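**Q** Supplied in structure tokens, the structure appears directly below.
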Amino acid sequence: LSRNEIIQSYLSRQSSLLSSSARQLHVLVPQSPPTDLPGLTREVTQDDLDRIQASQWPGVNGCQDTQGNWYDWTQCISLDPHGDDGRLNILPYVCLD
Amino acid sequence: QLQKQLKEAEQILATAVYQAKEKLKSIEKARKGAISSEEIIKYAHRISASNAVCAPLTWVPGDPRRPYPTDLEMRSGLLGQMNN
Amino acid sequence: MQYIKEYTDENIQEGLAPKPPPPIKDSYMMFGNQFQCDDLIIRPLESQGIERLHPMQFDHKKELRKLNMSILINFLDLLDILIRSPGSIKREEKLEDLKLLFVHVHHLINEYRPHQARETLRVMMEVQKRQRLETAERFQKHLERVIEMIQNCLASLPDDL
Amino acid sequence: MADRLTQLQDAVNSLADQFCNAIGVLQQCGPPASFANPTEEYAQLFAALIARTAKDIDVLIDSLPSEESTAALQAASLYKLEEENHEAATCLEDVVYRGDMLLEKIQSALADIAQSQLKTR
Amino acid sequence: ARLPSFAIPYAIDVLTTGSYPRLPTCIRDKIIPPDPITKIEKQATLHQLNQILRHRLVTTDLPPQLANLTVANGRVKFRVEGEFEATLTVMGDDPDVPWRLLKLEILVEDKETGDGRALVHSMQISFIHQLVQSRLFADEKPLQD
Amino acid sequence: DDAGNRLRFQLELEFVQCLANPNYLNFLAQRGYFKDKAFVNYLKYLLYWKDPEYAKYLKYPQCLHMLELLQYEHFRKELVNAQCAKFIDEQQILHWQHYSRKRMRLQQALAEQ
Amino acid sequence: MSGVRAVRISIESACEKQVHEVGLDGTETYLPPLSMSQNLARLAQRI
Amino acid sequence: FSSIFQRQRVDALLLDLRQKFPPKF
């Protein structure tokens, strides 16, 4: 608190950057006016459950991406939001077992 | 030559039915206990709101918190106070 | 620390004289030191204690991006406070202000925590289902092989006879 | 742990920590005045780090799930998965039953061959 | 302010089957000896041992003289009717486990020369038990020896 | 008896989650209430926490594994030694940092590739 | 929440890797390899 | 806080068994 020195300030730098971290970002997702219980109110049907099981749904069953690669919830996404060599690594959302 | 080939078929089917009965035993244990989903979510919140079953992410030895009740919760509970 | 001694004195007996388990409590208890009354919401609302900046449109991702940008712009305005008039009243408000913003950025993403919880149950069930079918198919293939194995050995035996 | 959510929480806390560290550095240390270069380098590095943290927080926010998949869509999918898990359980039980019968038959046959071969001696 | 992740698999291990496999078993393994073998599993292991014993007997050159054998309960019961009772049992697999000599008994008896007592004391029977167990561990064609 | 049942409920739940503690277990071992058989009837009685509608309330979960481990009785003749109680404590705490070490391994495995 | 419907899941607990001894400084030793005939050797020894 | 005294003959027979069949580790 009282004093910050070159070595200690650089320690702060590497610790903060290792905690935190041509585009390769996720494809943007717009707002969603049809939501299933409140918004659109679909009576329980069947197309929605078959889409949530088998197909690709980019807001529900995974995160899509530029360069095309699909990632569902149990996988870890490697990206690079900056123009550097440092890569963001989004951890899995679920982490089964 | 009947015996040896019947034996190797017996052994392969034995390992197959053994692993299958392992999975069936686990399914039958899962059949015994079936809980509503919101009870599982609520209990998971009570078990991991404070770090009781999984450690805090920045923990160094000498930190006071522990996965057991702790000395302070024991000395401040009904058990420690109301009898003494 | 102590040991409930009256009930352990009760337990040493025979016949039906030992005691039954207590009934389940559906109201305020006093475990530990907190109360932990039942029927609590997992995420207690923000309207109980602090202000609320966001309406019921509540489309979580847009408001999280809004709160990120609001945190950065209020940091820049705090820098404008420190440049222009450090003795102003507003900095105290400002040093409160972004605090409230930070609270909301935590309070929205805690609302992803039940959802995440429910969602991990869903994928666990899917994986569970898939593994069952895989073992079924695995076993059936083994069954088929054993059958044809027996068959060809039976196909060998009249050829010895 | 190990979720996108805990990553986002740690990123937001790192943003607040970089705020306090940036002010505490850039007010405590400076060249005096005129009516140093290391301090200017420190300022550039701190600004870059804050910008990078903001970009990372934005990317993680984009990454989590939408305001579609409400809780009822999770619950109905859970219901359907319970039904299909019951059906998969009974199907696995049937294939295990057929295999068990075949195994007991071949086992008894091999035992009878062994009894005959020992009795001939 | 932040609320850590809900750790569902521990709660699934609570509420379905009310215990905790997740703890290091070195606690129970170091402090407590293992659990005694129940029924069922006993009958199944004895039945598998009976089958393994049949298949091991049909391969080895069994003594064909007067040794009528009964696989009774994992014990092959080599008994010549005149003089001698042996109980043998394999421990592990079919190919390479040696034999154990669970109970050896001498049937030769005269209640007059042996003065109303057994012809051979259990000391000498245990000695012959060690000698035949050693020559089983010599791993020849064992039953002839 | 509403108040008696309430106090028995709350007191018993603080006792079992207190029984999660290896140090309180070493205290009970050294002060020697384990050799009393009223206590072993109590510990047989306390296994009603394994029911789901009673395990709904146990905030500290481990208590139940140690509770099974207490019913053995070769266990309760043990734990008077503080070295084995310290060993149980080291194993509990080293298990407790599990998902944290999983996080470290996963982040480094993502970092290298 | 807000009165979300609860449905009766029956989830198999994942019992694949059981930690035997947690080493000091990490390095758990997952002792059981979950064999088949060695189970027979164990139970035959224990009888 | 026996031996029935016909064991001399059985013992000599044991020694003859040791010689005629040696132990093998």
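Lettering and numbering for the structure tokens are positional, with chains as A, B, ... in the shown order, residues counted from 1 in each chain, and ligands counted from 1 in the shown order.
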Could you give me, as a PyMOL selection string, the residues within 8 Å of residue 21 of chain B, counting only C-alpha atoms and dropping anything in the same chain fewer than 4 positions from it?
**A** (chain B and resi 17+25) or (chain D and resi 96)
**Q** Mind dumping the selected residues with N, CA and C atoms as a CSV table (one decimal), in the first residue's frame?
**A**
chain,number,residue,atom,x,y,z
B,17,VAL,N,-21.6,-59.6,-19.8
B,17,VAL,CA,-22.7,-59.5,-18.9
B,17,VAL,C,-22.3,-58.9,-17.5
B,25,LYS,N,-26.7,-52.2,-12.0
B,25,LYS,CA,-26.7,-52.0,-10.6
B,25,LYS,C,-26.7,-50.5,-10.3
D,96,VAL,N,-29.7,-57.4,-21.6
D,96,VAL,CA,-29.0,-58.1,-20.6
D,96,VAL,C,-29.7,-59.4,-20.2
**Q** Write out as a count of residues only the residues lying within 7 Å of residue 82 of chain D, counting only C-alpha atoms and excluding same-chain residues fewer than 4 positions away.
**A** 3
**Q** Go through chain F residue by residue and, counting only C-alpha atoms, keep those with an atom at most 6 Å from chain E; for each kept residue give the shortest atom pair and its distance in Å to one decimal, ordered by chain and increasing number, as JSON lines.
**A**
{"residue": "F:50", "atom": "CA", "partner": "E:18", "partner_atom": "CA", "distance": 4.7}
{"residue": "F:52", "atom": "CA", "partner": "E:15", "partner_atom": "CA", "distance": 5.2}
{"residue": "F:65", "atom": "CA", "partner": "E:20", "partner_atom": "CA", "distance": 5.6}
**Q** Taking N, CA, C and O atoms for each residue, export the selection above as a PDB file, in the first residue's frame.
**A**
ATOM      1  N   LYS F  50     -29.712 -39.764   6.936  1.00  0.00           N
ATOM      2  CA  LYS F  50     -29.423 -40.251   5.595  1.00  0.00           C
ATOM      3  C   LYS F  50     -30.657 -40.219   4.707  1.00  0.00           C
ATOM      4  O   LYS F  50     -30.545 -40.327   3.484  1.00  0.00           O
ATOM      5  N   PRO F  52     -33.532 -38.501   2.591  1.00  0.00           N
ATOM      6  CA  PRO F  52     -33.434 -37.273   1.794  1.00  0.00           C
ATOM      7  C   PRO F  52     -34.151 -36.091   2.410  1.00  0.00           C
ATOM      8  O   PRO F  52     -33.685 -34.949   2.309  1.00  0.00           O
ATOM      9  N   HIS F  65     -20.444 -39.049   5.950  1.00  0.00           N
ATOM     10  CA  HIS F  65     -19.421 -40.055   5.719  1.00  0.00           C
ATOM     11  C   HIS F  65     -18.724 -40.415   7.013  1.00  0.00           C
ATOM     12  O   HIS F  65     -18.633 -41.604   7.364  1.00  0.00           O
TER      13      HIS F  65
END
**Q** Where does DSSP see alpha helix (DSSP H) in segment 9-110 of chain F, if you list the residues as a PyMOL selection string?
**A** chain F and resi 9-19+22-30+37-45+52-55+63-70+74-77+82-96+98-110
**Q** Skip residue 28 of chain A itself and residues of its chain fewer than 6 positions away, then list as a ChimeraX atom specification all residues within 10 Å of it, counting only C-alpha atoms.
**A** /A:58,63-66 /D:62-63
**Q** Check every residue of chain D for an atom within 9 Å of chain C, counting only C-alpha atoms, and provide those that qualify as number ranges by chain.
**A** D: 5, 8-9, 12-13, 16, 19, 23, 54, 57-58, 61-62, 64-67, 70-71, 74-75, 77-78, 81-82, 84-86, 88-89, 91-93, 95-96, 98-99, 102, 106
**Q** Compute the chain E side of the contact with chain C at 10 Å, counting only C-alpha atoms, and hand it back as an MDAnalysis selection string.
**A** chainID E and resid 1:9 12
**Q** How close does chain E get to chain H? List, as JSON lines, each residue of chain E within 9 Å, its nearest atom pair and the distance in Å to one decimal, counting only C-alpha atoms.
**A**
{"residue": "E:113", "atom": "CA", "partner": "H:6", "partner_atom": "CA", "distance": 7.8}
{"residue": "E:114", "atom": "CA", "partner": "H:4", "partner_atom": "CA", "distance": 6.7}
{"residue": "E:115", "atom": "CA", "partner": "H:4", "partner_atom": "CA", "distance": 6.6}
{"residue": "E:116", "atom": "CA", "partner": "H:4", "partner_atom": "CA", "distance": 9.0}
{"residue": "E:117", "atom": "CA", "partner": "H:4", "partner_atom": "CA", "distance": 7.2}
{"residue": "E:118", "atom": "CA", "partner": "H:4", "partner_atom": "CA", "distance": 8.4}
{"residue": "E:119", "atom": "CA", "partner": "H:6", "partner_atom": "CA", "distance": 8.1}
{"residue": "E:120", "atom": "CA", "partner": "H:10", "partner_atom": "CA", "distance": 7.3}
{"residue": "E:121", "atom": "CA", "partner": "H:3", "partner_atom": "CA", "distance": 7.3}
{"residue": "E:124", "atom": "CA", "partner": "H:14", "partner_atom": "CA", "distance": 7.8}
{"residue": "E:127", "atom": "CA", "partner": "H:14", "partner_atom": "CA", "distance": 8.7}
{"residue": "E:128", "atom": "CA", "partner": "H:14", "partner_atom": "CA", "distance": 8.1}
{"residue": "E:130", "atom": "CA", "partner": "H:23", "partner_atom": "CA", "distance": 8.5}
{"residue": "E:131", "atom": "CA", "partner": "H:23", "partner_atom": "CA", "distance": 5.7}
{"residue": "E:132", "atom": "CA", "partner": "H:23", "partner_atom": "CA", "distance": 7.8}
{"residue": "E:133", "atom": "CA", "partner": "H:23", "partner_atom": "CA", "distance": 8.7}
{"residue": "E:134", "atom": "CA", "partner": "H:24", "partner_atom": "CA", "distance": 5.4}
{"residue": "E:135", "atom": "CA", "partner": "H:24", "partner_atom": "CA", "distance": 5.5}
{"residue": "E:136", "atom": "CA", "partner": "H:24", "partner_atom": "CA", "distance": 8.4}
{"residue": "E:137", "atom": "CA", "partner": "H:25", "partner_atom": "CA", "distance": 6.5}
{"residue": "E:138", "atom": "CA", "partner": "H:24", "partner_atom": "CA", "distance": 5.5}
**Q** Take the residues just selected and output them with N, CA and C atoms as a PDB file, in the first residue's frame.
**A**
ATOM      1  N   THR E 113      -4.845-100.922  18.307  1.00  0.00           N
ATOM      2  CA  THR E 113      -3.424-100.596  18.267  1.00  0.00           C
ATOM      3  C   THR E 113      -3.194 -99.151  18.679  1.00  0.00           C
ATOM      4  N   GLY E 114      -3.786 -98.213  17.945  1.00  0.00           N
ATOM      5  CA  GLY E 114      -4.044 -96.914  18.523  1.00  0.00           C
ATOM      6  C   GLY E 114      -5.047 -97.069  19.648  1.00  0.00           C
ATOM      7  N   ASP E 115      -4.612 -96.743  20.865  1.00  0.00           N
ATOM      8  CA  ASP E 115      -5.295 -97.176  22.088  1.00  0.00           C
ATOM      9  C   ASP E 115      -6.590 -96.388  22.293  1.00  0.00           C
ATOM     10  N   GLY E 116      -7.564 -96.676  21.439  1.00  0.00           N
ATOM     11  CA  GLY E 116      -8.829 -95.972  21.477  1.00  0.00           C
ATOM     12  C   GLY E 116      -8.741 -94.532  21.039  1.00  0.00           C
ATOM     13  N   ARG E 117      -7.654 -94.145  20.382  1.00  0.00           N
ATOM     14  CA  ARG E 117      -7.467 -92.776  19.950  1.00  0.00           C
ATOM     15  C   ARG E 117      -7.137 -92.825  18.466  1.00  0.00           C
ATOM     16  N   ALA E 118      -6.887 -91.660  17.878  1.00  0.00           N
ATOM     17  CA  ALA E 118      -6.604 -91.576  16.453  1.00  0.00           C
ATOM     18  C   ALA E 118      -5.261 -92.207  16.132  1.00  0.00           C
ATOM     19  N   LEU E 119      -5.140 -92.712  14.903  1.00  0.00           N
ATOM     20  CA  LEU E 119      -3.910 -93.374  14.487  1.00  0.00           C
ATOM     21  C   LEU E 119      -2.778 -92.386  14.303  1.00  0.00           C
ATOM     22  N   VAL E 120      -3.097 -91.169  13.894  1.00  0.00           N
ATOM     23  CA  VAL E 120      -2.095 -90.160  13.597  1.00  0.00           C
ATOM     24  C   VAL E 120      -2.527 -88.839  14.225  1.00  0.00           C
ATOM     25  N   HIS E 121      -1.642 -88.258  15.028  1.00  0.00           N
ATOM     26  CA  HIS E 121      -1.946 -87.007  15.694  1.00  0.00           C
ATOM     27  C   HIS E 121      -1.958 -85.874  14.679  1.00  0.00           C
ATOM     28  N   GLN E 124       1.267 -84.608  13.102  1.00  0.00           N
ATOM     29  CA  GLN E 124       1.856 -85.274  11.951  1.00  0.00           C
ATOM     30  C   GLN E 124       1.026 -85.047  10.696  1.00  0.00           C
ATOM     31  N   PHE E 127       2.081 -81.834   9.462  1.00  0.00           N
ATOM     32  CA  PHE E 127       3.385 -81.971   8.820  1.00  0.00           C
ATOM     33  C   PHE E 127       3.248 -82.474   7.385  1.00  0.00           C
ATOM     34  N   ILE E 128       2.429 -83.502   7.182  1.00  0.00           N
ATOM     35  CA  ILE E 128       2.202 -84.022   5.837  1.00  0.00           C
ATOM     36  C   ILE E 128       1.476 -82.991   4.983  1.00  0.00           C
ATOM     37  N   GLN E 130       2.053 -79.725   5.213  1.00  0.00           N
ATOM     38  CA  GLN E 130       3.120 -78.865   4.701  1.00  0.00           C
ATOM     39  C   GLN E 130       3.934 -79.536   3.609  1.00  0.00           C
ATOM     40  N   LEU E 131       4.185 -80.838   3.727  1.00  0.00           N
ATOM     41  CA  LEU E 131       5.039 -81.506   2.742  1.00  0.00           C
ATOM     42  C   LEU E 131       4.340 -81.608   1.392  1.00  0.00           C
ATOM     43  N   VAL E 132       3.056 -81.958   1.403  1.00  0.00           N
ATOM     44  CA  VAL E 132       2.331 -82.075   0.145  1.00  0.00           C
ATOM     45  C   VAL E 132       2.020 -80.690  -0.409  1.00  0.00           C
ATOM     46  N   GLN E 133       1.891 -79.677   0.455  1.00  0.00           N
ATOM     47  CA  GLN E 133       1.734 -78.310  -0.041  1.00  0.00           C
ATOM     48  C   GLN E 133       3.003 -77.818  -0.719  1.00  0.00           C
ATOM     49  N   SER E 134       4.163 -78.190  -0.173  1.00  0.00           N
ATOM     50  CA  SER E 134       5.428 -77.858  -0.814  1.00  0.00           C
ATOM     51  C   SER E 134       5.555 -78.548  -2.165  1.00  0.00           C
ATOM     52  N   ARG E 135       5.242 -79.839  -2.227  1.00  0.00           N
ATOM     53  CA  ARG E 135       5.348 -80.526  -3.503  1.00  0.00           C
ATOM     54  C   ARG E 135       4.254 -80.123  -4.487  1.00  0.00           C
ATOM     55  N   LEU E 136       3.168 -79.507  -4.017  1.00  0.00           N
ATOM     56  CA  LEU E 136       2.276 -78.802  -4.926  1.00  0.00           C
ATOM     57  C   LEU E 136       2.926 -77.538  -5.455  1.00  0.00           C
ATOM     58  N   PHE E 137       3.677 -76.833  -4.601  1.00  0.00           N
ATOM     59  CA  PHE E 137       4.370 -75.632  -5.058  1.00  0.00           C
ATOM     60  C   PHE E 137       5.594 -75.939  -5.909  1.00  0.00           C
ATOM     61  N   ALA E 138       5.970 -77.215  -6.040  1.00  0.00           N
ATOM     62  CA  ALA E 138       6.987 -77.610  -7.003  1.00  0.00           C
ATOM     63  C   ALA E 138       6.498 -77.486  -8.440  1.00  0.00           C
TER      64      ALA E 138
END
**Q** Give me, as a VMD selection string, all polymer residues having an atom no more than 10 Å from residue 75 of chain A, counting only C-alpha atoms and skipping those fewer than 5 positions away in the same chain.
**A** chain A and resid 62 to 63 70 90 to 96
**Q** Take the residues just selected and output them with N, CA and C atoms as a compact mmCIF listing (two decimals), in the first residue's frame.
**A**
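The new file selection25.txt reads:
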# COMPACT_ATOMS: atom_id res chain seq x y z
N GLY A 62 -25.27 -23.99 -27.32
CA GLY A 62 -23.86 -23.78 -27.53
C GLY A 62 -23.56 -22.34 -27.86
N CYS A 63 -22.28 -22.10 -28.13
CA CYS A 63 -21.79 -20.79 -28.54
C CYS A 63 -21.21 -20.97 -29.93
N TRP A 70 -18.26 -24.83 -33.98
CA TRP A 70 -19.33 -24.85 -32.99
C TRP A 70 -18.77 -25.38 -31.68
N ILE A 90 -11.99 -19.15 -22.74
CA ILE A 90 -13.24 -19.31 -22.02
C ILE A 90 -13.33 -20.76 -21.58
N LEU A 91 -13.50 -20.96 -20.29
CA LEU A 91 -13.60 -22.28 -19.71
C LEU A 91 -14.97 -22.87 -20.03
N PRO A 92 -15.19 -24.17 -19.81
CA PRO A 92 -16.52 -24.73 -20.08
C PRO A 92 -17.58 -24.17 -19.16
N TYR A 93 -18.81 -24.12 -19.65
CA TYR A 93 -19.89 -23.54 -18.88
C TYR A 93 -20.47 -24.53 -17.89
N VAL A 94 -20.36 -25.81 -18.19
CA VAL A 94 -21.00 -26.82 -17.38
C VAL A 94 -20.00 -27.55 -16.49
N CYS A 95 -18.92 -28.05 -17.09
CA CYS A 95 -17.90 -28.89 -16.44
C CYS A 95 -18.54 -30.13 -15.80
N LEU A 96 -19.03 -31.01 -16.66
CA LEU A 96 -19.52 -32.32 -16.24
C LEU A 96 -18.43 -33.11 -15.54
**Q** Do you know which residues are at most 9 Å from segment 4-8 of chain G counting only C-alpha atoms, after dropping those on the same chain fewer than 2 positions away, and could you put them as a PyMOL selection string?
**A** (chain B and resi 34-39) or (chain D and resi 71-72+75-76+78-79+82) or (chain G and resi 1-2+10)
**Q** May I have the residues within 8 Å of segment 64-75 of chain B as a count of residues only, using only C-alpha atoms and disregarding those fewer than 5 positions away in the same chain?
**A** 20
**Q** Taking only C-alpha atoms into account, find every residue of chain F that has an atom no more than 10 Å from chain B, and write it out as JSON, numbers by chain.
**A** {"F": [7, 10, 11, 12, 13, 14, 15, 16, 17, 18, 19, 20, 21, 22, 23, 24, 52, 53, 55, 56, 57, 58, 59, 60, 61, 62, 63, 89, 92, 93, 94, 95, 96, 97, 98, 99, 100, 101, 103]}
**Q** Would you pick out the contacts of residue 39 of chain C at 10 Å or less, using only C-alpha atoms, so that residues sharing its chain but fewer than 5 positions from it are not included, and give the list as a list in words?
**A**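 Residues meeting the cut-off are residues 42 of chain B; 26, 27 and 28 of chain C.
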**Q** Could the residues of chain A that have an atom at most 8 Å from chain D be listed as a Markdown table, each with its closest atom pair and the distance in Å to one decimal, counting only C-alpha atoms and ordered by chain and ascending residue number?
**A**
| residue | atom | partner | partner_atom | distance |
| --- | --- | --- | --- | --- |
| A:4 | CA | D:25 | CA | 7.1 |
| A:16 | CA | D:14 | CA | 6.7 |
| A:17 | CA | D:49 | CA | 7.5 |
| A:19 | CA | D:11 | CA | 7.4 |
| A:20 | CA | D:11 | CA | 5.7 |
| A:21 | CA | D:56 | CA | 7.4 |
| A:25 | CA | D:59 | CA | 7.4 |
| A:26 | CA | D:63 | CA | 7.1 |
| A:28 | CA | D:62 | CA | 7.3 |
| A:29 | CA | D:62 | CA | 7.8 |
| A:32 | CA | D:68 | CA | 6.6 |
| A:34 | CA | D:68 | CA | 7.4 |
| A:35 | CA | D:68 | CA | 5.1 |
| A:36 | CA | D:70 | CA | 6.5 |
| A:37 | CA | D:72 | CA | 6.0 |
| A:44 | CA | D:76 | CA | 7.7 |
| A:49 | CA | D:77 | CA | 5.9 |
| A:52 | CA | D:77 | CA | 7.7 |
| A:59 | CA | D:66 | CA | 5.0 |
| A:60 | CA | D:69 | CA | 5.6 |
| A:62 | CA | D:65 | CA | 7.8 |
| A:63 | CA | D:63 | CA | 6.3 |
| A:81 | CA | D:55 | CA | 7.2 |
| A:82 | CA | D:52 | CA | 7.8 |
| A:88 | CA | D:56 | CA | 7.3 |
| A:90 | CA | D:4 | CA | 6.0 |
| A:91 | CA | D:4 | CA | 5.4 |
| A:92 | CA | D:3 | CA | 5.5 |
| A:93 | CA | D:3 | CA | 4.9 |
| A:94 | CA | D:3 | CA | 6.7 |
| A:95 | CA | D:3 | CA | 7.0 |
**Q** Which of these residues is nearest to chain B, using only C-alpha atoms: G:23, G:17, G:29, G:35?
**A**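 Closest to chain B of all the choices is G:35.
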**Q** Which residues of chain D sit at most 7 Å from chain E, using only C-alpha atoms? Give each one's shortest atom pair and distance in Å (one decimal place), in chain and ascending residue order, as a tab-separated table.
**A**
residue	atom	partner	partner_atom	distance
D:1	CA	E:5	CA	5.8
D:114	CA	E:54	CA	6.4
D:117	CA	E:58	CA	6.9
D:118	CA	E:58	CA	6.4
D:121	CA	E:64	CA	6.3
**Q** Those same residues - N, CA and C atoms - I'd like them written as a compact mmCIF listing (two decimals), in the first residue's frame.
**A**
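Written out: selection_22.txt:
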# COMPACT_ATOMS: atom_id res chain seq x y z
N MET D 1 -16.13 -24.97 -9.42
CA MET D 1 -15.45 -23.89 -10.13
C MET D 1 -15.26 -24.24 -11.60
N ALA D 114 -17.73 -81.38 -19.24
CA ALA D 114 -16.67 -81.65 -18.28
C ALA D 114 -17.00 -82.85 -17.40
N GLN D 117 -16.41 -86.00 -19.53
CA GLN D 117 -15.00 -86.27 -19.75
C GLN D 117 -14.32 -86.76 -18.48
N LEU D 118 -14.77 -86.29 -17.31
CA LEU D 118 -14.18 -86.80 -16.08
C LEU D 118 -14.71 -88.18 -15.75
N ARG D 121 -12.79 -90.80 -17.86
CA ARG D 121 -11.50 -90.90 -17.17
C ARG D 121 -10.43 -91.67 -17.95
**Q** Which value, in Å to one decimal, gives the distance between atom CA of residue 6 of chain A and atom CA of residue 108 of chain F?
**A** 26.8 Å
**Q** To one decimal in Å, tell me the separation between atom CA of residue 2 of chain B and atom CA of residue 100 of chain D.
**A**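 Between atom CA of residue 2 of chain B and atom CA of residue 100 of chain D the gap is 21.2 Å.
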**Q** So, with only C-alpha atoms as the atoms that count, which of B:28, B:8, B:14, B:22 lies closest to residue 11 of chain G?
**A**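 Between B:28, B:8, B:14, B:22, the residue approaching residue 11 of chain G most closely is B:28.
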**Q** Rank D:44, D:120, D:37, D:108 by their smallest atom-to-atom distance to chain B, using only C-alpha atoms, and report the top residue only.
**A**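 Counting only C-alpha atoms, the residue closest to chain B is D:108.
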